[PDB]
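Below is one structure, written out as structure tokens; comments come after it.
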Amino acid sequence: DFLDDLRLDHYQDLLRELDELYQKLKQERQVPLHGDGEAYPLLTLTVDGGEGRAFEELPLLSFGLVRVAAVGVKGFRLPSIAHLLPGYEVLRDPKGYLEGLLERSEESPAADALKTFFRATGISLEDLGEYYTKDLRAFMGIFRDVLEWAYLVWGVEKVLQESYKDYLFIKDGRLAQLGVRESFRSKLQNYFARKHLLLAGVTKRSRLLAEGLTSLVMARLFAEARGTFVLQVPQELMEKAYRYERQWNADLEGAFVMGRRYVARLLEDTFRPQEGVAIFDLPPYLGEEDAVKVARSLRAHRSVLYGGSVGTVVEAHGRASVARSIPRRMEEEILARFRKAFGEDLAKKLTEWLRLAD
Amino acid sequence: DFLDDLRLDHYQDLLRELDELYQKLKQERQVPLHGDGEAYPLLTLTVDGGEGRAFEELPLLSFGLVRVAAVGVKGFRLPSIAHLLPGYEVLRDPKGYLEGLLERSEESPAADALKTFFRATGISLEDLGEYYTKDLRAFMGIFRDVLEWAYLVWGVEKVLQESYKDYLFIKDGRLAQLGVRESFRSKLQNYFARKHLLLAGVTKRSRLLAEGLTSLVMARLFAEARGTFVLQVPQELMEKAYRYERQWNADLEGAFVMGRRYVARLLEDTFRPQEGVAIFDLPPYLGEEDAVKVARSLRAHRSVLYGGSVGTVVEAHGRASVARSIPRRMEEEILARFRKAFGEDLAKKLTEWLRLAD
Amino acid sequence: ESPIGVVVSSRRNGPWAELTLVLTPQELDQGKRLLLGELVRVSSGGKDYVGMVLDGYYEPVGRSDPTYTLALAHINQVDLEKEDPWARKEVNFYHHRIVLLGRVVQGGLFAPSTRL
Amino acid sequence: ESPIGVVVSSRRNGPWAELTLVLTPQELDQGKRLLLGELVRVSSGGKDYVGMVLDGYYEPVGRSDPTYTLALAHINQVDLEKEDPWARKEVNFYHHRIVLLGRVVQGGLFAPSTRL
Numbered sequence: 015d016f017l018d019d020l021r022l023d024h025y026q027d028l029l030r031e032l033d034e035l036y037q038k039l040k041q042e043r044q045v046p047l048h049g050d051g052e053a054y055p056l057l058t059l060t061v062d063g064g065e066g067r068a069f070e071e072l073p074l075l076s077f078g079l080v081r082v083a084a085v086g087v088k089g090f091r092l093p094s095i096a097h098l099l100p101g102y103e104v105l106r107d108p109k110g111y112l113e114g115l116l117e118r119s120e121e122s123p124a125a126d127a128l129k130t131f132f133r134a135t136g137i138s139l140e141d142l143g144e145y146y147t148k149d150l151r152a153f154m155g156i157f158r159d160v161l162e163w164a165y166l167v168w169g170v171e172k173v174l175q176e177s178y179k180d181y182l183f184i185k186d187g188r189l190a191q192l193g194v195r196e197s198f199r200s201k202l203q204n205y206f207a208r209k210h211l212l213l214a215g216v217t218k219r220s221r222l223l224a225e226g227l228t229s230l231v232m233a234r235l236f237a238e239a240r241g242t243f244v245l246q247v248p249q250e251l252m253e254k255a256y257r258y259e260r261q262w263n264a265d266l267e268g269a270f271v272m273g274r275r276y277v278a279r280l281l282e283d284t285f286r287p288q289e290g291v292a293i294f295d296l297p298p299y300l301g302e303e304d305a306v307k308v309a310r311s312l313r314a315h316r317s318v319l320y321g322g323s324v325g326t327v328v329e330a331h332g333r334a335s336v337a338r339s340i341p342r343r344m345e346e347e348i349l350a351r352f353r354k355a356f357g358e359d360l361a362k363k364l365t366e367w368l369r370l371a372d
Numbered sequence: 015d016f017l018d019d020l021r022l023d024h025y026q027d028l029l030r031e032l033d034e035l036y037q038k039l040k041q042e043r044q045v046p047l048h049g050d051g052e053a054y055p056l057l058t059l060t061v062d063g064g065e066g067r068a069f070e071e072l073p074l075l076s077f078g079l080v081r082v083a084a085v086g087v088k089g090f091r092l093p094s095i096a097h098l099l100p101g102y103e104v105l106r107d108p109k110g111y112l113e114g115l116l117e118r119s120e121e122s123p124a125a126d127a128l129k130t131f132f133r134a135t136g137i138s139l140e141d142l143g144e145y146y147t148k149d150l151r152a153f154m155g156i157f158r159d160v161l162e163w164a165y166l167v168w169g170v171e172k173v174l175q176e177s178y179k180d181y182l183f184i185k186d187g188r189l190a191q192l193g194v195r196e197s198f199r200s201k202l203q204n205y206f207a208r209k210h211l212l213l214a215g216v217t218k219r220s221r222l223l224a225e226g227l228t229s230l231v232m233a234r235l236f237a238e239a240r241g242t243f244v245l246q247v248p249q250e251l252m253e254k255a256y257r258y259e260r261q262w263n264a265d266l267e268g269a270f271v272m273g274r275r276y277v278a279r280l281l282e283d284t285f286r287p288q289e290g291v292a293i294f295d296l297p298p299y300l301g302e303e304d305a306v307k308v309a310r311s312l313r314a315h316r317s318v319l320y321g322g323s324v325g326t327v328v329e330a331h332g333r334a335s336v337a338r339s340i341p342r343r344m345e346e347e348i349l350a351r352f353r354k355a356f357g358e359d360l361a362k363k364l365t366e367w368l369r370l371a372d
Numbered sequence: 003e004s005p006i007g008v009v010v011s012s013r014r015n016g017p018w019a020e021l022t023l024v025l026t027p028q029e030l031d032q033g034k035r036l037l038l039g040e041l042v043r044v045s046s047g048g049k050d051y052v053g054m055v056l057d058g059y060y061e062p063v064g065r066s067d068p069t070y071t072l073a074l075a076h077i078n079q080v081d082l083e084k085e086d087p088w089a090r091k092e093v094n095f096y097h098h099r100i101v102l103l104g105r106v107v108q109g110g111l112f113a114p115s116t117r118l
Numbered sequence: 003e004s005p006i007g008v009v010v011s012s013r014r015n016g017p018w019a020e021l022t023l024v025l026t027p028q029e030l031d032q033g034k035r036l037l038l039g040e041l042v043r044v045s046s047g048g049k050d051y052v053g054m055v056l057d058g059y060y061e062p063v064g065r066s067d068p069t070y071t072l073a074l075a076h077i078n079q080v081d082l083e084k085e086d087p088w089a090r091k092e093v094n095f096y097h098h099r100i101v102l103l104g105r106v107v108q109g110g111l112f113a114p115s116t117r118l
């Protein structure tokens, strides 16, 4: 019933470890964000609503919510992509649907972006694996990723050409991909090294599910510290974080960042312990000097909107997360094409199927 | 690109199945639910409150939320089980902790029920699969299930003995079990068949898209229908949904009900198309007359609270869902024990970090 | 000799202390009611006060929808006397307001109102 | 010989005691209505009271948005009666307020108002 001798065995070991994790963090020098220096212009990539309203409240057919876009400086934004996405019926054979779009003679700009990504780095369907074939939810899990991955390549070789040398590319979320074979990760990693692309997976996501017992030590340094600094997290903490997250959440096989993880502080006074912090990753072929220059670029564009965010990330979100009340727009428009198409009265029955429930 | 280029394919054929599937339901005979007849007393099983706030709000240590109880008539309820759920440190060997309780010389009320269920139907650890050993929240996914199953078996063989001939058993949920390994449900089926039990687990409302396309057809059968009736769902509706939940729902390996599915309406007037409906499943060794008498028993206990529920189901919830503000209650108690235990100053350090974040 | 209901709130409304009393479904079915202007005893801190009933009203308790539940139980011929104990046990509450007129002390002296 | 509606609330409004009842879509479709100033009979606790219909109004019942539903029904044509029977059943409620004047007891004696 009630408490009834909850019982304990030993908890002195847990904080004994937690005490010395904090001490190891103090070992590394806190390189401060110096006011003087040089910073690159930023180019931010956002999707912000690939899944969106899922499928429960959506019409469950033609649930196209993918909208990948970007922003540059203030008005250097590239054209957005609203890739078409049919319903469950057309992609009942998930492998067949992609082939009909990849091998089609006429490729849409959305299809061309995926086609260019496949041709640029030689990614095949076998490299994707078998996760997207398991479920409709799983199909959307990596489609939002490859579209984001393709859109990044689509701007490098088609809109920028030679100009991929004076801009820092900022991608929302961690520099990791789950649900694909090691070929996808290995081929993508060496492709960036050949071009020496500048990239940083800024997250700032203070989630408790991911980044578990590590966060209980990360929070201690962030609150106790002062001013603005950039810190290279020791690999020991990531070794704890990477392995442990396999045993808490769902099939998260693959969480290590392709390189090193850096934490930074963008605000001095914050009103709260974890406000103003930012966590960004870097590819392994970039050293501390590049890491310092990346942190300066992020601080030069910082903002105070939610918890001291990055600014260009939230700005592109408003340009790329225009969903609002999608279901109302979709149901009326889809039914509009039903009347002008065959029947012109079967839509009356179609409304009756939906009016009663769902 | 703003929603343009819909290019919807053939969906008239999709409505063709929906039209003919409704005809099949109309063909099926409906047994009228008159007010005269015999019925069985109810004994509703309910755990509830086990999931609670997951771990991001719970202290993540000694997360005791599993609490399974039951109710009967107007005071025939059995004692509740409020198993002490230990911390993560002792759960790092998921098989280790369970063996430490099963093989323990002294049995707790929760341990007694689990032990009772094990030797009543010969349940071995090889029959539990590996889902409980998959991850952390996966362990609690099916620990509640076996605890729920144990609470039913323990009461029959220890608390109630021979008198299980005038008590209909109601289970809040689907009969089908996930993570069976083809042996958990095989030992459950013949154990119930040998004793000729009356386990009829109701789901009442199910969910919006718990099923596949069956939820759509089921919804419109209920509204256009009138009065109260008992309907056996034809296998064709069930067969479609069972194979679909793999490609729409989560990792649902094993979803077909262990027997037959019956639907009924408890209220003549509902203000809404889908109110007043009840969905319950029966073991394969029960016929039409058994189902009709079971449905009459539910109607005698019907209530108007949310959508015409079963009444004893929601009453059992109030006796087994005592969570409310668990994280505040447990945190103060946990620090109280840690302060009065060894150290007497490590608790002050522990508060310094918990108050900082998370 | 048992208390009537349960006290849920108190305040001072001008020059008079007042409290709110709630009658539960279990008490109402026994026929326990409070008349308006009736004199009652209030026990607090081991001390007795004289109170008078001023106002009575109906207010939902908890997170419930009395109107929808009652309408649904009405469109069906559901006799809430004995058909549905669970629905009757969440909507049968009533609220009353009681002023503290004062107290009796010593050998019949009346101490008016209260500072506590 | 049947109740007109369902009583959903009661209170005292000044020197009089009034109650609020609701007319459901099923009864409104049969033409059951109440007039302002009409005298009605109230049954409570085995006793009969004289009531007077004072006020009537509209208020959403349950989880619904009548304005949005009616506006979208009107926008898309939709003859709500013969096309969407379930849309009217969630918006066709009406509220009435009835004050209690007293009781007729003994052999014609009038007891004014009520303390209960």
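Those sequence lines, one after another, are chains H, G, E and F. Here the first sequence is numbered in the entry's author numbering, starting from 15 and rising by one per residue. Here the second sequence is numbered in the entry's author numbering, starting from 15 and rising by one per residue. Here the third sequence is numbered in the entry's author numbering, starting from 3 and rising by one per residue. Here the fourth sequence is numbered in the entry's author numbering, starting from 3 and rising by one per residue. Just so you know, even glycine gets a beta-carbon here, dropped at the ideal spot from N, CA and C.
Its chain contains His-315, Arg-316, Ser-317, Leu-319 as the residues whose beta carbon lies nearer than 8 Å to that of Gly-325 of chain G, once the 5 sequence neighbours on both sides are disregarded; these appear in chain order.
The C-beta distance from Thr-242 of chain H to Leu-280 of chain H rounds to 7 Å, short enough to meet the 8 Å contact threshold. Just so you know, the alpha carbons of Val-63 of chain E and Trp-88 of chain E end up roughly 14 Å apart. Taking a cut-off of 8 Å for Cβ pairs, the region 258 to 265 of chain G and the region 135 to 154 of chain H touch, as three or more such pairs fall below it. Contact between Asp-86 of chain E and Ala-75 of chain E is confirmed by a C-beta separation of about 7 Å, below the 8 Å threshold. In chain G, no part has a C-beta under 9 Å from the C-beta of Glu-29 of chain F; the shortest such distance is about 11 Å. At a Cβ-Cβ threshold of 8 Å, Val-24 of chain F and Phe-95 of chain F count as neighbours. Cβ-Cβ separation between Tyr-145 of chain G and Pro-55 of chain G: approximately 35 Å, too far for a contact (criterion under 8 Å). Counting of Cβ neighbours within 10 angstroms places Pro-27 of chain F among the buried residues, the total reaching 16 or more. The beta carbon of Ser-115 of chain F lies closer than 8 Å to those of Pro-17, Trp-18, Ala-19, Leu-102, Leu-103, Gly-104 in the same chain, with the five residues before and after it left out. A Cβ-Cβ contact shorter than 8 Å links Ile-95 of chain H with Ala-124 of chain H.
Annotation note: the region 7 to 51 of chain F contains the following uninterrupted beta strand (DSSP E) runs of length 3 or greater, listed N- to C-terminal: 8 to 15, 18 to 25, 41 to 46. Under the DSSP assignment, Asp-67 of chain E falls outside any beta strand (DSSP E); it carries neither an H nor an E label.
Taking 7 Å as the upper bound on Cβ-Cβ separation, chain E lies near residues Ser-317, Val-318, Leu-319, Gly-325, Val-328, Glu-329 of the region 310 to 338 of chain G. Residue range 26 to 41 is occupied by the alpha helix (DSSP H) that includes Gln-41 of chain G, with no beta strand (DSSP E) assigned at that position. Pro-114 of chain F: member of the beta strand (DSSP E) spanning 111 to 114, first to last residue. Residue pairing by DSSP places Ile-95 of chain H opposite H:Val-82 in a beta bridge.
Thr-60 of chain H sits in a strand when the DSSP states are folded into three classes. DSSP places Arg-369 of chain H in the uninterrupted alpha helix (DSSP H) bounded by 360 to 370. Here the region 351 to 359 of chain H makes no contact with the region 84 to 99 of chain H; the two share fewer than three CB pairs at distances below 8 Å. DSSP, reduced to helix, strand and coil, places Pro-46 of chain H within a strand of the structure shown.
Under the 10 Å beta carbon count, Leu-118 of chain E is surrounded by fewer than 16 other beta carbons and is classified as exposed. Sequence-distant partners of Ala-127 of chain G (beyond 5 residues in either direction) whose C-beta falls short of 7 Å from its own C-beta, in its chain, are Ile-95, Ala-164, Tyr-165, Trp-168. The beta carbon of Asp-57 of chain E sits closer than 6 Å to those of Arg-99, all from its chain and outside the five residues before and after it, given in chain order.
Within the region 246 to 285 of chain G, the complete alpha helix (DSSP H) runs of at least 4 residues fall at 249 to 262.
DSSP places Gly-104 of chain F outside any alpha helix (DSSP H); the residue lies instead in the beta strand (DSSP E), whose first and last residues are 96 to 107.
By the neighbour-count definition (other C-beta atoms within 10 Å, threshold 16), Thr-69 of chain F is an exposed residue. The region 242 to 257 of chain H makes contact with the region 40 to 47 of chain H: 3 or more CB pairs, one atom from each, lie closer than 8 Å. In the DSSP assignment, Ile-156 of chain G falls outside any beta strand (DSSP E) and lies within the alpha helix (DSSP H) extending over 150 to 168.
Contact of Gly-357 of chain H with chain G by beta-carbon distance below 9 Å involves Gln-26. Close to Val-8 of chain F, with beta-carbon spacing below 7 Å, are these residues of chain E in chain order: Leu-72, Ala-73, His-76.
In the structure shown, the three-state DSSP call for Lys-91 of chain E is helix.
For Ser-66 of chain E, the CB contacts under 6 Å within the same chain, skipping 5 residues up- and downstream, are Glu-92 in chain order. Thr-26 of chain E has a beta carbon lying at 8 Å or more from every beta carbon in chain F.
With a threshold of 16 other beta carbon atoms within 10 Å, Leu-139 of chain H falls short and is exposed.
Between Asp-19 of chain G and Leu-115 of chain H, the alpha-carbon positions lie close to 15 Å from each other.
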